[PDB]
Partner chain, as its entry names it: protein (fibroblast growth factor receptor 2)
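Let's start with one chain on its own, the form deposited without its partner chain, as structure tokens.
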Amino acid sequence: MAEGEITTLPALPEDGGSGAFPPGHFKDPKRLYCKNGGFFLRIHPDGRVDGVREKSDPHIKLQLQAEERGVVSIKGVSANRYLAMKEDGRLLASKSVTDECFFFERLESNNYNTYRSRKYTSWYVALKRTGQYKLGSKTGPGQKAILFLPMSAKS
């Protein structure tokens, strides 16, 4: 009956944020919790990307990896696929990584993170309120769907 995996509750591990996010936190998976509509990102094995409020889904355990400075490659653990944004706006995942699998990460002044697309820095990643994936064409500033809260599953 224990909700979620190893519990969670609001916390703040490593309070030494005197800079940004140097290499030292991409060793454990990270749950992407969307503050808009409260929805956790979840990559299905079929590639279909969709968010869900069921934190008891071991499919939301995405393995992130820091590549260059500010660049971070996302990867699915159970899905075993790298997220990829198409050119029209359809988001999907594949076993082979590509140049569209990168996402410029940027932390704002609100403890909220923001993943911006690379091959398309003119659009950010954001889900809908019904748990569906918002087209990368309707995404943009003004919408708070960009306020993500990737919590590391340390403990």
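Numbering follows the first chain given and starts at 1.
What comes next is about the form solved in complex with its partner chain, which does not appear here.
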Original post:
Is it true that 40, 65 and 73 each have at least one non-hydrogen atom within 4.5 Å of its partner chain in the deposited bound form?
Top reply: yes
Original post:
Would residue 105 show up as a contact with its partner chain in the deposited bound form if we use heavy atoms at 4.5 Å?
Top reply: yes
Original post:
With a 4.5 Å heavy atom cut-off, would you call residue 26 a contact of its partner chain in the deposited bound form?
Top reply: yes
Original post:
At the 4.5 Å heavy atom threshold, is residue 97 in contact with its partner chain in the deposited bound form?
Top reply: yes
**OP:** Report yes if any heavy atom of residue 69 sits within 4.5 Å of a heavy atom of its partner chain in the deposited bound form; otherwise report no.
**Re:** yes
